[PDB]
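K.L.:
Here you go, one structure.
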Amino acid sequence: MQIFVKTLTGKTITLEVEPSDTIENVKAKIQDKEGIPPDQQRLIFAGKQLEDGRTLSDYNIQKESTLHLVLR
Ligand SMILES: [Hg+2]
C-alpha cells in the first residue's frame, strides 16, 4: 500500500509498504529512496513516535496515511 512521509523541508515522499513491515524497514526504505540516514529519522504518526521494533500494523497505519519525519 501507499503511504506518505511529510518532511520538515516541505517535501512529501511517497512509499510502497505493507502493514506487516517494521518501522526499521520503513526507515530503510526512506534512506534508500531519499538518502536520509536511519539514525537521524524520527517518525511520528497520530502524535506517536514510532519504535523500530514495531510494525505499521501495530500502530493501525493504513493506506494513504501520512507519517511525519523529523531529522534528529
Ligand atoms: Hg499529520
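Every residue, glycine as well, gets a Cβ built from its backbone with ideal geometry; the counts of neighbours run over all protein chains shown. Here, each number is a calculation from the coordinates, and none is a lab measurement.
K.L.:
Take the alpha carbon atoms of the chain, find their radius of gyration, then divide it by 2.2 N^0.38 Å using N residues; give the quotient. Spell out each step's value before the answer.
P.N.:
Numbers: Rg = 10.7 Å, N = 72, 2.2 N^0.38 = 11.2 Å.
Normalised Cα radius of gyration, the chain: 0.95.
K.L.:
Further, regarding this structure: Full extension from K63 to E34: what is 0.36 nm times the residue separation minus their Cα-Cα distance, to one decimal in nm? Please report the intermediate quantities before stating the final value.
P.N.:
Values: separation 29, 0.36 × 29 = 10.44 nm, distance 2.06 nm.
Full extension from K63 to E34 adds 8.4 nm.
K.L.:
Only four residue types carry charge here, +1 at the Cβ of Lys and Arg and -1 at the Cβ of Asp and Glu. Report the dipole size of the chain about the Cα centre in Debye, rounded to the nearest 20.
P.N.:
Numbers: 10 positive and 11 negative charges, 66 e Å.
The dipole magnitude comes to about 320 debye.
K.L.:
By how many degrees, between 0 and 90 and to the nearest 10, does the Cα long axis of helix 23-34 differ from the longest principal axis of the chain?
P.N.:
40
K.L.:
Right, here's the next one. Antiparallel versus total DSSP beta bridges in the chain: what percent is that, nearest 5?
P.N.:
On the way: 12 of 16 bridges.
So the antiparallel bridges amount to about 75 percent of the total.
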